[PDB]
2 protein chains.
Amino acid sequence: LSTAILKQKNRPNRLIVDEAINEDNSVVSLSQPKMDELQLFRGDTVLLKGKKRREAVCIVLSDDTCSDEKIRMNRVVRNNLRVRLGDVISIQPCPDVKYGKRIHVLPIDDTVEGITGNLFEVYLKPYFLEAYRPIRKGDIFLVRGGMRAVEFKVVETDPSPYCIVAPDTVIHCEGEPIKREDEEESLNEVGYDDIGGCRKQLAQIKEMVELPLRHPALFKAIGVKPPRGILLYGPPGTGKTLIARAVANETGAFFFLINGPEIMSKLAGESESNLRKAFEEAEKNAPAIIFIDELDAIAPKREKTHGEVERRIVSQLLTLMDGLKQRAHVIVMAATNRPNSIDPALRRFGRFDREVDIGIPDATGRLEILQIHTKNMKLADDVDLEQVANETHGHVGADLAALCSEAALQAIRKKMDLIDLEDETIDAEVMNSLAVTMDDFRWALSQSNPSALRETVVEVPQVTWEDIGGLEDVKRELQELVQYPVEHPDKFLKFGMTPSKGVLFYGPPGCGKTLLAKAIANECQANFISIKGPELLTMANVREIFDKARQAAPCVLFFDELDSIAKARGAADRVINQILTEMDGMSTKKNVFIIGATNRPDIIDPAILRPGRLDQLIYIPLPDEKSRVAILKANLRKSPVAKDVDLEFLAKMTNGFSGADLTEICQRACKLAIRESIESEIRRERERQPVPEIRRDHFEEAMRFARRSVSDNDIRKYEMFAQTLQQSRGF
Amino acid sequence: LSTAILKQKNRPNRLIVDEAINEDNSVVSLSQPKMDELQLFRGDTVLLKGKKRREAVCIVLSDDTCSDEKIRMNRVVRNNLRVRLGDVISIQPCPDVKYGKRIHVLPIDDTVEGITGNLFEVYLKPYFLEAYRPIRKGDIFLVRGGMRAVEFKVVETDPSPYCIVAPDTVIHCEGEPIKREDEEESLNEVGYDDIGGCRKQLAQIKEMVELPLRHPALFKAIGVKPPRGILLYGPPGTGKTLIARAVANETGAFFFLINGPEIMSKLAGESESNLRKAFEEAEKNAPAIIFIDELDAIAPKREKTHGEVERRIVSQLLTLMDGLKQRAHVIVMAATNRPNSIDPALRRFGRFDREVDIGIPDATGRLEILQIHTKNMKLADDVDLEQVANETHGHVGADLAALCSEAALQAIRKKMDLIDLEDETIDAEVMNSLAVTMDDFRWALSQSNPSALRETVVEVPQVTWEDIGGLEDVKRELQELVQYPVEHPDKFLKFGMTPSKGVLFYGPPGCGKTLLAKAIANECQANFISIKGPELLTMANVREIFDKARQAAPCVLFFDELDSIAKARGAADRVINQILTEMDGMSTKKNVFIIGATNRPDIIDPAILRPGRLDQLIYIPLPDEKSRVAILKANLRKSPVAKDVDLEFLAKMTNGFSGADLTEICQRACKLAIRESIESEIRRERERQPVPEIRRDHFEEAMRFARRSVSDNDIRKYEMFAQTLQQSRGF
Ligand SMILES: Nc1ncnc2c1ncn2[C@@H]1O[C@H](COP(=O)(O)OP(=O)(O)OP(O)(O)=S)[C@@H](O)[C@H]1O
Ligand SMILES: Nc1ncnc2c1ncn2[C@@H]1O[C@H](COP(=O)(O)OP(=O)(O)OP(O)(O)=S)[C@@H](O)[C@H]1O
Ligand SMILES: Nc1ncnc2c1ncn2[C@@H]1O[C@H](COP(=O)(O)OP(=O)(O)OP(O)(O)=S)[C@@H](O)[C@H]1O
Ligand SMILES: Nc1ncnc2c1ncn2[C@@H]1O[C@H](COP(=O)(O)OP(=O)(O)OP(O)(O)=S)[C@@H](O)[C@H]1O
Ligand SMILES: [Mg+2]
Ligand SMILES: [Mg+2]
Ligand SMILES: [Mg+2]
Ligand SMILES: [Mg+2]
């Protein structure tokens, strides 16, 4: 699997956190059989490994009420490891823990507000009375005393980082008290759990970055060289910088961060000095990561660049990238939202040759993002994040963070009648009551302008075969053309046939060509890329479409509305010839399928049909009576149709209708039902100051206005091309 | 021959390595007749020359069990020469070897891990006890002693580089111990054996570079001046830098390396200083090579350049190139992947006038690359590198190195369930078991995006006359037009006729024009360049195509789908007029053949047909019955067709079918067989929870759906142009 690196090892050292019974900050309880397997004894000091490299040293005890697979700890231990209930930790024996020489501690500010008592005497001394509590640098623990308990932070240890607080150890609380904001900033460090919708890409990053650095011998043994340069790219706001901070906070390697604007804001000469210093300091620390965020800020195309300093930065960076000895254990990551603006010399072998695409999240990916962002918001109980994830079509992670911000602001606007902008301090009874409801999310949805609306979406469609009425033969052909070479490639090797990767749908308008392309991509669970003819004529970029379909294989590359390009024949001639050239180079990829659709088969370019490009000509015809019943059933699945409606009769009397004409009939019936329902409630309001389902009368009224969208002469010509389209090339 | 310089001289001094019997690190055994021919005696110290200029001094002995053509040595001697079993060395008498004054040695780190004993006393003294072992600087030898033997490196010799370790010689092991990584980096130096698919180009480089430098008198005697500038060019990743390191590590000349980005990363003034210093230091060392890697980094087109410093670098380089006295014995090599971005003044006589094209490797060349890269990988036994070489179509050497990396990573992913990313050290039982299987290579193939897919391939096609059915007369014409002027030029001089270098294939679509062009290029063993019409209309660059066909002569330059250009008549007018101009200038090359194909002969530009451009008009017609049998046989060669299938009957009932229509019939039959086979196995799985060959029923079902791709009126018009196409020019 591609995500095997992210899988939990499920070792016995892994344990699940539980709610403590009597265990204080410095002890943890386990089941006795667990120590028997782990050979742990009583009174042993143990080391806990958690999230974001956080550590803790505590005492392991025996619990007869502890589960085998779980560990016992209080909320303080759960806090110090950045772990939560239900999360997994690791445990290992901790030897060589010596008595503390001197521990430097300090309290949290908001705990010692208004308190003038001696912190050491009143709080620290009783808590450290012969208990032999093991502590580590950076730990936070709650100490009772006085009217209110105060938390303290271990800022320095003698020795570091583990020590035992003996009664002979010197405990001192001098120094500037620790602000809660300082600990709060460290509490909310980014981790791999703060990225949603990037599970596959996070697996790639771990293999490319964390594996060659933690286990360089694993690559020397298999006799391969790991990459030195990783280029994260994607649209703006998709979380490349967020992944940078996640790797910064959850890697064992030394991490150096370079900002593009930071480097180029410096004078001519301090930029190169800072670049050289970054790579030098990364080589001094053996396993290191250099992240160059906004790579295209410092390394644009040398052909398209005016200043001398910009060109000297790019050459300096190329030199430093080439100067990595491959024995230095330095990996250079970079992020960019304009991957094609980067100097081509920086994307070669040995320099940023591996690329990770942090693309647009899909509906489930962006539901995961929404849960991450709302995880600390005060949500109401009626808010359905699954729904919000479904309407947020063109949103990226930053668009969803902005959407949650706007929802919170709408919630505040509903409470401004209770607050004032000029209060010295806000009311206390409005904070606890302040919650974001699903209505605020609907409002924020109506006002959000996504930044990723105008760019190609590559995802499995939700259109299913059940959305299509009839075309059972075409469904069989499409399965045998798109699914068999992908699912049973050995069959195609047995008979020596190579599969054809192209299909042309043609026929009258509104008969289901677009639905068929999406439905076959959905059944095969293949990514779907749709490029309408108008999008091509308003566009170098055809090359990016085919490259995008190559990266996302198995893919169905749909070229819809080819008739729009054909009518434009100029720019349309270049577009078609580019597409033909790409389809010739595309034959290598055995799992990218190209589909074209046109309802003007008389003007299609004959070269499109050459054996090897789109030689499978499938004719989607105007639906017959049985298919019309099926179309009407398929369109009305989401509608409450009353049982007296005879779809058999509706399909009998609509003779030359398309699938889209039948959809328009159902649309009119819903419009009549909505009008009747709206009139009914206005009449009720009129008297005070119904229409649950679409009935047969609505379909009668809607159908006497039915207009047939394909002429009889049109049907004749389409039937003629059903026989003579393969002959269109030649004369 | 063009590769005569690479041929082994097969001198008596050449010997084949053998597995030692009793020979230790300082002795080598030979057959007694070999010394009789070589006049070598017993106890003589001898010098061994191996790969990458490595040397060794040892003692020659007499072996009655040694072959005449082979030499005896242990693994230590085999290691010190960078030679392997089956490889050839050279031998010569070594006189004037004096006693050592002081030899500075040091051990390898991993050999002395955990060992605190005295290296000299325990190891070095017993091994050097009166044995009079001859040693050289940089030698590595294994010395027994203690619980574990330790290897030592000779870092300095008094005198250098040969010395005799007398008992009176001072042996000392002080100094920082030698890391194995340091020796490992020197072990894996690049040599001419680390380049695959460039045998012809390596021969060119040796003649242009290593011959004028080793034997300048050989050029003064024949009265010619050797070139001073060699330009390696090719697509990115094709191994130009690799050849640079190979020449650096396997030439007797002083080698200076200049990096384009290195030079231009310096300040305005240190760049010119570094260039001048490089050429000065190359002239101080008499036979020298200056390699300027990434030439286009420092020397772009002065017309297309903005900075003043860039233009001063180009002028500085032109001055230095012109300043080579031709008596300095300095050769300047350069590499570039944009040979047309270089200043035209640098490709003139006396400056980079010789060019070597490190092009795309072909199937056998890239099999050689794959063997080089996997030679230290742990491959399984089922991996077929010949197959991988066949699917990797658009790959260059760097794409194949990346492909082997991805295969190794897939192998690791299959073993992550046994390893952990957080282990302090990896498991030992998973390394030895970790091997790359052919399944990992198929996966890496499915994910590889080659960088050389979108560029012209120049190679001999695999299409053979047996792939074509019928057209026996056309095959005779093509042989008499393409093969006779190449194979029997004296015949064409006898009769005073000059051959015509152009052919126009025309006729109905799908009748074999593309196959005929590839088949004649394959029979003549000529390079084949194909330029489809769409590729031209999406493109200065026509000039590069004809230049590329001129460099690769004997070549068949195929202009396929000329009908696509004709229908576009603009950009198409410029393309045709450019092609016509090139065909006029192309008549000089007597061994570049141009072929055009069109299935719209009614709109071909009449100037194409002028006597001297494409005046040979060959009409490929719609196949007759006998040819249809031949086409069906040719298409089904790779398919398991059952014997009851009557191809004679199939061809009888398909009357007006093209070659491509018959191929489509065979494709449908294979699709029906695949569907039946897939249904059969699903039925077997259905009952548990066949179709070995295509039978006559499949061809019956497939043929009732057969559609004829050429109309009867189309056939009439094509037959009319079979008589009146030469008349198309004039009115
Ligand atoms: N995949 C994601 N998961 C969770 N939060 C995300 C994700 N992507 C974006 N966000 C949020 O959006 C914010 C902005 O994302 P960034 O990390 O700046 O994206 P970006 O790749 O840097 O885009 P740029 O810098 O404009 S090219 C982050 O701080 C997160 O709060
Ligand atoms: N066979 C069908 N089954 C169900 N709904 C259909 C069918 N054909 C058309 N429709 C409906 O009519 C709409 C027309 O879209 P399609 O027919 O898939 O695209 P089309 O064939 O290119 O025709 P266009 O887009 O109007 S030119 C669909 O979105 C459906 O709502
Ligand atoms: N012909 C070849 N034989 C063997 N290995 C090769 C060959 N070509 C490339 N490689 C491998 O691929 C790597 C990349 O080759 P390079 O030397 O970078 O090619 P290149 O010509 O320098 O391309 P540039 O520098 O981007 S223009 C080499 O280090 C080898 O490991
Ligand atoms: N005479 C033939 N013998 C064998 N196979 C043939 C023959 N003619 C056509 N084919 C098959 O049909 C395919 C069509 O390719 P060609 O006929 O060589 O190209 P063409 O003549 O330019 O016609 P196109 O490419 O369809 S416009 C070939 O790749 C073969 O698979
Ligand atoms: Mg950013
Ligand atoms: Mg549509
Ligand atoms: Mg290079
Ligand atoms: Mg062809």
# chains A, B, ... in the order shown; residues from 1 in each chain; ligands from 1
call {"tool": "residues_near_ligand", "arguments": {"ligand": "ligand 4", "cutoff": "9 Å", "atoms": "only C-alpha atoms and all ligand atoms", "output": "ChimeraX atom specification"}}
result
/A:607,609-612,729-730 /B:465-471,505-518,560-561,597-599,620,622-623,627-628,630-635,658-664
call {"tool": "write_last_selection", "arguments": {"atoms": "N, CA and C atoms", "output": "short mmCIF file (atom, residue, chain, number, x, y, z; two decimals), in the first residue's frame"}}
result
data_model
loop_
_atom_site.label_atom_id
_atom_site.label_comp_id
_atom_site.auth_asym_id
_atom_site.auth_seq_id
_atom_site.Cartn_x
_atom_site.Cartn_y
_atom_site.Cartn_z
N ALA A 607 -9.00 13.48 -38.22
CA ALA A 607 -7.83 12.95 -37.54
C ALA A 607 -8.14 12.49 -36.13
N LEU A 609 -10.41 10.59 -35.34
CA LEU A 609 -10.94 9.25 -35.45
C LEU A 609 -9.91 8.23 -35.91
N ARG A 610 -8.66 8.64 -36.06
CA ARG A 610 -7.65 7.73 -36.57
C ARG A 610 -7.47 6.56 -35.61
N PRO A 611 -7.39 5.33 -36.11
CA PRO A 611 -7.11 4.20 -35.22
C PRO A 611 -5.90 4.45 -34.34
N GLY A 612 -6.14 4.56 -33.05
CA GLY A 612 -5.12 4.94 -32.10
C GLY A 612 -5.39 6.23 -31.38
N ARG A 729 -13.14 10.06 -42.59
CA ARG A 729 -11.76 10.35 -42.91
C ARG A 729 -11.39 9.72 -44.24
N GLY A 730 -10.88 10.53 -45.15
CA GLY A 730 -10.56 10.05 -46.47
C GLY A 730 -11.05 10.97 -47.56
N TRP B 465 8.81 -6.31 -42.44
CA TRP B 465 7.97 -6.65 -43.57
C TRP B 465 6.92 -7.69 -43.20
N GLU B 466 7.23 -8.56 -42.25
CA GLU B 466 6.26 -9.57 -41.83
C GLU B 466 5.07 -8.95 -41.11
N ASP B 467 5.21 -7.73 -40.59
CA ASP B 467 4.08 -7.04 -39.99
C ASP B 467 3.09 -6.52 -41.01
N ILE B 468 3.44 -6.55 -42.29
CA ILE B 468 2.63 -5.97 -43.36
C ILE B 468 2.12 -7.10 -44.23
N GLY B 469 0.84 -7.04 -44.57
CA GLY B 469 0.23 -8.03 -45.44
C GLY B 469 0.05 -7.47 -46.84
N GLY B 470 0.54 -8.22 -47.82
CA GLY B 470 0.43 -7.76 -49.18
C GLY B 470 1.43 -6.66 -49.48
N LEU B 471 1.09 -5.85 -50.48
CA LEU B 471 1.95 -4.75 -50.92
C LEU B 471 3.33 -5.26 -51.33
N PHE B 505 3.49 8.45 -50.40
CA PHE B 505 2.48 7.42 -50.27
C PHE B 505 1.11 8.07 -50.25
N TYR B 506 0.19 7.56 -51.06
CA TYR B 506 -1.17 8.07 -50.99
C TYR B 506 -2.14 6.94 -51.26
N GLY B 507 -3.37 7.12 -50.82
CA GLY B 507 -4.37 6.11 -50.96
C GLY B 507 -5.37 6.17 -49.83
N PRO B 508 -6.29 5.20 -49.78
CA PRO B 508 -7.33 5.25 -48.78
C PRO B 508 -6.76 5.10 -47.38
N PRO B 509 -7.45 5.61 -46.36
CA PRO B 509 -6.94 5.49 -45.00
C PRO B 509 -6.87 4.05 -44.54
N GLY B 510 -5.90 3.77 -43.69
CA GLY B 510 -5.80 2.47 -43.07
C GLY B 510 -5.25 1.38 -43.94
N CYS B 511 -4.51 1.71 -44.98
CA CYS B 511 -4.04 0.71 -45.92
C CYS B 511 -2.56 0.39 -45.79
N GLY B 512 -1.86 1.01 -44.86
CA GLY B 512 -0.52 0.61 -44.51
C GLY B 512 0.60 1.56 -44.83
N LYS B 513 0.32 2.85 -45.00
CA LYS B 513 1.37 3.79 -45.37
C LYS B 513 2.38 3.98 -44.24
N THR B 514 1.91 4.14 -43.01
CA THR B 514 2.82 4.29 -41.88
C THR B 514 3.64 3.04 -41.66
N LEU B 515 3.03 1.87 -41.81
CA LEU B 515 3.78 0.63 -41.66
C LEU B 515 4.84 0.48 -42.72
N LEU B 516 4.54 0.87 -43.95
CA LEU B 516 5.51 0.74 -45.03
C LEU B 516 6.73 1.62 -44.79
N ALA B 517 6.51 2.83 -44.29
CA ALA B 517 7.64 3.71 -44.00
C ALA B 517 8.52 3.14 -42.90
N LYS B 518 7.91 2.64 -41.83
CA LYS B 518 8.69 2.05 -40.76
C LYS B 518 9.36 0.76 -41.19
N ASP B 560 4.23 11.96 -41.93
CA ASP B 560 2.95 11.29 -41.89
C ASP B 560 1.82 12.29 -41.79
N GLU B 561 0.64 11.86 -42.23
CA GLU B 561 -0.58 12.65 -42.09
C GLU B 561 -0.43 14.04 -42.69
N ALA B 597 3.17 10.80 -46.51
CA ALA B 597 1.97 9.99 -46.60
C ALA B 597 0.76 10.88 -46.48
N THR B 598 -0.24 10.63 -47.31
CA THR B 598 -1.47 11.41 -47.25
C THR B 598 -2.61 10.54 -47.74
N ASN B 599 -3.77 10.66 -47.12
CA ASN B 599 -4.96 10.02 -47.66
C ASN B 599 -5.97 11.04 -48.14
N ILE B 620 -0.69 3.23 -52.46
CA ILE B 620 -1.05 2.07 -51.65
C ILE B 620 -2.56 1.90 -51.74
N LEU B 622 -6.49 -0.11 -51.62
CA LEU B 622 -7.29 -0.88 -50.70
C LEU B 622 -7.03 -2.36 -50.96
N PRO B 623 -6.71 -3.16 -49.94
CA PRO B 623 -6.20 -4.51 -50.18
C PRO B 623 -7.20 -5.41 -50.88
N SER B 627 -4.35 -10.18 -50.30
CA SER B 627 -3.72 -9.32 -49.31
C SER B 627 -4.51 -9.29 -48.02
N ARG B 628 -5.84 -9.38 -48.09
CA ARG B 628 -6.63 -9.40 -46.87
C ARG B 628 -6.35 -10.64 -46.04
N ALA B 630 -3.47 -12.05 -46.02
CA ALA B 630 -2.15 -11.75 -45.47
C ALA B 630 -2.22 -10.76 -44.32
N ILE B 631 -3.09 -9.76 -44.41
CA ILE B 631 -3.26 -8.80 -43.32
C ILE B 631 -3.78 -9.50 -42.08
N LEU B 632 -4.79 -10.35 -42.25
CA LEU B 632 -5.37 -11.04 -41.10
C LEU B 632 -4.35 -11.96 -40.46
N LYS B 633 -3.55 -12.66 -41.27
CA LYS B 633 -2.49 -13.48 -40.71
C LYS B 633 -1.48 -12.64 -39.97
N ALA B 634 -1.14 -11.46 -40.50
CA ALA B 634 -0.12 -10.62 -39.89
C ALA B 634 -0.59 -10.05 -38.56
N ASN B 635 -1.88 -9.73 -38.45
CA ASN B 635 -2.40 -9.14 -37.22
C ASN B 635 -2.56 -10.17 -36.12
N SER B 658 -10.29 -1.89 -45.26
CA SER B 658 -8.91 -1.45 -45.18
C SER B 658 -8.09 -2.46 -44.40
N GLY B 659 -6.80 -2.20 -44.26
CA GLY B 659 -6.02 -2.96 -43.31
C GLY B 659 -6.43 -2.68 -41.88
N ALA B 660 -6.80 -1.43 -41.59
CA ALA B 660 -7.24 -1.05 -40.27
C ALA B 660 -8.62 -1.57 -39.93
N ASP B 661 -9.48 -1.76 -40.93
CA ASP B 661 -10.77 -2.40 -40.67
C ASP B 661 -10.59 -3.86 -40.29
N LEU B 662 -9.68 -4.57 -40.96
CA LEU B 662 -9.41 -5.94 -40.58
C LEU B 662 -8.76 -6.03 -39.21
N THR B 663 -7.90 -5.07 -38.88
CA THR B 663 -7.36 -5.04 -37.53
C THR B 663 -8.46 -4.81 -36.51
N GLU B 664 -9.43 -3.97 -36.84
CA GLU B 664 -10.54 -3.73 -35.92
C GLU B 664 -11.41 -4.97 -35.76
#
call {"tool": "residues_around", "arguments": {"residues": "residue 372 in chain A", "least_positions_apart": "3", "cutoff": "9 Å", "atoms": "only C-alpha atoms", "output": "MDAnalysis selection string"}}
result
chainID A and resid 193:196 367:369 375:376
call {"tool": "write_last_selection", "arguments": {"atoms": "N, CA, C and O atoms", "output": "tab-separated table (two decimals), in the first residue's frame"}}
result
chain	number	residue	atom	x	y	z
A	193	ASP	N	-1.63	15.68	12.85
A	193	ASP	CA	-3.06	15.62	13.09
A	193	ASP	C	-3.77	16.93	12.77
A	193	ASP	O	-5.00	16.97	12.81
A	194	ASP	N	-3.03	17.98	12.47
A	194	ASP	CA	-3.60	19.26	12.09
A	194	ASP	C	-3.71	19.43	10.59
A	194	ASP	O	-4.10	20.50	10.13
A	195	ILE	N	-3.37	18.40	9.81
A	195	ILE	CA	-3.53	18.41	8.36
A	195	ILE	C	-4.63	17.43	8.01
A	195	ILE	O	-4.59	16.26	8.41
A	196	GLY	N	-5.62	17.90	7.27
A	196	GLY	CA	-6.71	17.06	6.82
A	196	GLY	C	-6.72	16.97	5.31
A	196	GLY	O	-6.33	17.91	4.62
A	367	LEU	N	-14.16	17.69	4.59
A	367	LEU	CA	-14.81	17.43	5.86
A	367	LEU	C	-13.79	17.23	6.96
A	367	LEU	O	-13.99	17.69	8.09
A	368	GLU	N	-12.69	16.54	6.66
A	368	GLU	CA	-11.63	16.38	7.64
A	368	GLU	C	-11.00	17.72	8.01
A	368	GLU	O	-10.68	17.94	9.18
A	369	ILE	N	-10.81	18.60	7.04
A	369	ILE	CA	-10.30	19.94	7.33
A	369	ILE	C	-11.26	20.70	8.23
A	369	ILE	O	-10.84	21.36	9.18
A	375	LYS	N	-12.56	22.09	15.71
A	375	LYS	CA	-12.36	21.24	16.88
A	375	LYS	C	-12.24	22.03	18.17
A	375	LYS	O	-12.47	21.47	19.24
A	376	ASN	N	-11.91	23.32	18.10
A	376	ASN	CA	-11.88	24.16	19.28
A	376	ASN	C	-12.94	25.25	19.25
A	376	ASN	O	-13.04	26.02	20.21
call {"tool": "closest_atom_pairs", "arguments": {"of": "chain A", "to": "chain B", "cutoff": "7 Å", "atoms": "only C-alpha atoms", "output": "Markdown table"}}
result
| residue | atom | partner | partner_atom | distance |
| --- | --- | --- | --- | --- |
| A:1 | CA | B:413 | CA | 6.9 |
| A:4 | CA | B:413 | CA | 6.4 |
| A:5 | CA | B:416 | CA | 6.5 |
| A:9 | CA | B:420 | CA | 6.8 |
| A:211 | CA | B:421 | CA | 6.9 |
| A:221 | CA | B:431 | CA | 6.5 |
| A:222 | CA | B:377 | CA | 5.7 |
| A:223 | CA | B:377 | CA | 4.6 |
| A:224 | CA | B:405 | CA | 6.0 |
| A:306 | CA | B:306 | CA | 6.9 |
| A:308 | CA | B:307 | CA | 6.4 |
| A:312 | CA | B:265 | CA | 4.9 |
| A:313 | CA | B:265 | CA | 7.0 |
| A:315 | CA | B:261 | CA | 4.7 |
| A:316 | CA | B:265 | CA | 4.7 |
| A:318 | CA | B:261 | CA | 6.4 |
| A:319 | CA | B:262 | CA | 5.7 |
| A:349 | CA | B:398 | CA | 6.5 |
| A:491 | CA | B:674 | CA | 6.2 |
| A:495 | CA | B:639 | CA | 4.9 |
| A:496 | CA | B:639 | CA | 5.0 |
| A:497 | CA | B:670 | CA | 6.6 |
| A:574 | CA | B:538 | CA | 5.9 |
| A:577 | CA | B:534 | CA | 4.8 |
| A:578 | CA | B:538 | CA | 6.0 |
| A:580 | CA | B:534 | CA | 6.6 |
| A:581 | CA | B:535 | CA | 5.9 |
| A:585 | CA | B:453 | CA | 6.8 |
| A:726 | CA | B:709 | CA | 5.4 |
| A:727 | CA | B:709 | CA | 4.6 |
| A:730 | CA | B:599 | CA | 5.7 |
| A:731 | CA | B:600 | CA | 6.6 |
call {"tool": "residues_around", "arguments": {"residues": "residue 213 in chain A", "least_positions_apart": "3", "cutoff": "9 Å", "atoms": "only C-alpha atoms", "output": "compact mmCIF listing (two decimals) with N, CA, C and O atoms, in the first residue's frame"}}
result
# COMPACT_ATOMS: atom_id res chain seq x y z
N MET A 208 9.68 9.96 1.66
CA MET A 208 10.75 10.69 0.99
C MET A 208 11.66 11.43 1.96
O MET A 208 12.82 11.69 1.62
N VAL A 209 11.17 11.79 3.13
CA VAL A 209 11.87 12.69 4.04
C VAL A 209 12.24 12.00 5.34
O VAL A 209 13.40 12.01 5.75
N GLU A 210 11.26 11.42 6.03
CA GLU A 210 11.53 10.86 7.34
C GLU A 210 12.17 9.48 7.28
O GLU A 210 12.80 9.07 8.26
N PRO A 216 19.06 5.78 7.19
CA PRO A 216 19.88 5.81 5.97
C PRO A 216 20.46 4.46 5.60
O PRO A 216 20.73 4.23 4.42
N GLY A 252 12.57 14.05 13.90
CA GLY A 252 13.74 13.99 14.74
C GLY A 252 14.93 14.72 14.19
O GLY A 252 15.94 14.86 14.89
N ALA A 253 14.84 15.19 12.95
CA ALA A 253 15.95 15.86 12.30
C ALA A 253 16.00 17.33 12.69
O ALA A 253 15.02 17.91 13.15
N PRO A 287 21.47 14.67 10.38
CA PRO A 287 20.20 14.57 9.65
C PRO A 287 19.43 15.88 9.76
O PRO A 287 18.98 16.27 10.84
N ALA A 288 19.30 16.58 8.64
CA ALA A 288 18.69 17.89 8.65
C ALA A 288 17.74 18.04 7.48
O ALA A 288 17.88 17.39 6.45
N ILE A 289 16.75 18.91 7.66
CA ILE A 289 15.82 19.29 6.61
C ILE A 289 15.92 20.79 6.43
O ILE A 289 15.82 21.54 7.40
N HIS A 329 23.39 13.63 4.68
CA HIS A 329 22.08 13.39 5.28
C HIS A 329 21.28 14.68 5.42
O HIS A 329 20.70 14.98 6.46
N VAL A 330 21.25 15.46 4.34
CA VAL A 330 20.48 16.69 4.29
C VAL A 330 19.47 16.56 3.17
O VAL A 330 19.83 16.24 2.04
N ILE A 331 18.20 16.78 3.50
CA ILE A 331 17.12 16.76 2.53
C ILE A 331 16.55 18.16 2.44
O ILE A 331 16.30 18.80 3.47
call {"tool": "atom_distance", "arguments": {"atom1": "CA of residue 142 in chain B", "atom2": "CA of residue 245 in chain B"}}
result
29.2 Å
